[PDB]
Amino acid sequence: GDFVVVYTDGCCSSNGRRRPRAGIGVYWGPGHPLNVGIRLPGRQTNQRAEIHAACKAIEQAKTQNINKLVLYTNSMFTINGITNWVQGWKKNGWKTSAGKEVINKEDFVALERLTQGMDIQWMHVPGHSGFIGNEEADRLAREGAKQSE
């Protein structure tokens, strides 16, 4: 069907440091009203931000009755999580290959739920490689990290 391209990014200043500040960015295009850069609530990490930037884009897509999404992110962790690992985790009790608990289980659960009824082409952006959509999403993510949660 007709697909729509969206660029997502999760960022986190001071990732792994004493005062991390995580933000999500979702870019639909120049001057698109759904473009957002907002603060990530909860645990402040880059991995959570990258997951919930994709979450936000999908929820926004649903509010527009869009069920075919070309979703760009630079997070292979998010992409491989949602297209591969989640199926294994629902079957094995959300255990990593080291036999440990999946740290961001509740975020992958939430994302897994949002992909229901969606046809999503998950795309890795090569990360700093001329894709202005990625740069615009990154900029919005940084803006959101400055805001309050």
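Numbering starts at 1 and follows the sequence shown.
Visitor: Take the C-alpha B-factors listed in the entry for 46 to 54 and for 92 to 100, compute each mean, and give the stretch with the larger one.
Guide: For C-alpha atoms only, the mean B-factor is higher in 92 to 100.
Visitor: Determine, for stretches 15 to 23 and 125 to 133, which one has the higher mean CA B-factor as deposited.
Guide: Higher mean C-alpha B-factor in the PDB entry: 125 to 133.
Visitor: Lowest, middle or highest third of the chain for the C-alpha temperature factor of residue 29?
Guide: Its C-alpha B-factor belongs to the middle third of this chain's values.
Visitor: Relative to the other modelled residues in the chain, which third contains the C-alpha temperature factor of residue 105: lowest, middle or highest?
Guide: It falls in the bottom third of the chain.
Visitor: Lowest, middle or highest third of the chain for the C-alpha temperature factor of residue 120?
Guide: Middle third of the chain for residue 120's C-alpha B-factor.
Visitor: Taking only the Cα B-factors deposited for this chain, tell me whether residue 63 sits in the lowest, middle or highest third.
Guide: CA B-factor rank for residue 63: highest third.
Visitor: Tell me, lowest, middle or highest third: where does the Cα B factor of residue 40 rank within its chain?
Guide: As the PDB entry reports it, the C-alpha B-factor of residue 40 lands in the middle third of its chain.
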